[PDB]
Each structure stands twice: as C-alpha cells, then as structure tokens.
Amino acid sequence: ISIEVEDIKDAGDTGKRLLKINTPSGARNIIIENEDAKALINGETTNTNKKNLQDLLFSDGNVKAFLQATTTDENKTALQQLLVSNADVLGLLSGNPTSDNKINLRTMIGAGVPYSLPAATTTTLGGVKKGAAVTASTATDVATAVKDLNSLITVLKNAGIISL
C-alpha cells in the first residue's frame, strides 16, 4: 500500500522531519542547532562564526587573541612567555627590560656600556690633554736654562700631565 510519514505512529518529531527531508543540506539544518557548528559543517563560515568556533576549540585567552590576530600588550606578554624561556630575553621583548635584564642582555651578547675616557690620575690609567708648544732651548747661561726647564714644567702641569 501507500502510507505517509504521519501514519507512523511512534515516529519522533525530529525523526519525521528527517524522513521528509530531500537533501543532505536539509538534514544538516534539522540536526545541527549550533549555528557556528552548522556553518563549519557547511564549509561556509563568517568571521563571527570563526571566532565562535575558536571559542569552542581553545581554552587559553592569550592563544585565542593571537588566533584572532588582535593582541593587547598583556596578551603579548603572555604569548612571549610561551615562546621564550630566558627571563632576560623576555625583558628585551617587553621593550622595557629591568636594570638586571639590561646587564644580563649585555653579558649575553658580549656588549659593553658607553665608554667615557677618564682623566689620568696618580693611581689610574687615563687620557691627557696634549701640552702647548714648547720651543727648543738655546740657553747659554744657567738663568735661561732654568727658565726653559720651567716652561716645560708649566706646559706639562697645564695639560694635567703632571701634578701641582
């Protein structure tokens, strides 16, 4: 004979809807209630569907922000920590390393600090200024020879080559 779907007395509501349906798309529309999941199964997702599916797939919020390609400075700090273990390198990646990080980063690459040349002292190597010009001596008496020696001494004193 011929019966119809509604003649089947113990069929369920969804069961009768499925029996009447003609295509797979129609069946998916009955079976899948979550609109984001339905969109994935249909291979047709909006950016909103994608974000919502990412919420169903991943627990970590910093990972989720990365996957959305939109990260805050806090998300970036956490993501840096997933990528790099060295604390001083993490300081560098923040753009704001601590004093300790800075020292350790220089050590890490063998870099020095800005060097400033200190003046010579009696205990410590240093720079000097060059002494003023001094004429060779043509002295024929003691008085003049002493005058010329003293001119050299003052020049060396003036340039901080010898102490006062």
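Heads up: residue numbers just count along the shown sequence, starting at 1.
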Going by the entry, of stretches 145 to 153 and 7 to 15 the one with greater average Cα B-factor is 145 to 153
If you average the CA temperature factors over each stretch, which comes out higher, 23 to 31 or 104 to 112? 104 to 112
Member of 54, 138, 47, 62 with the greatest C-alpha B factor (per the PDB record): 138
Using the B-factors in the PDB entry, rank residue 39's C-alpha atom against the chain and give the third, lowest, middle or highest. lowest
Chain-relative CA temperature factor third for residue 117: highest
Residue 67 CA temperature factor, ranked by third within the chain: lowest
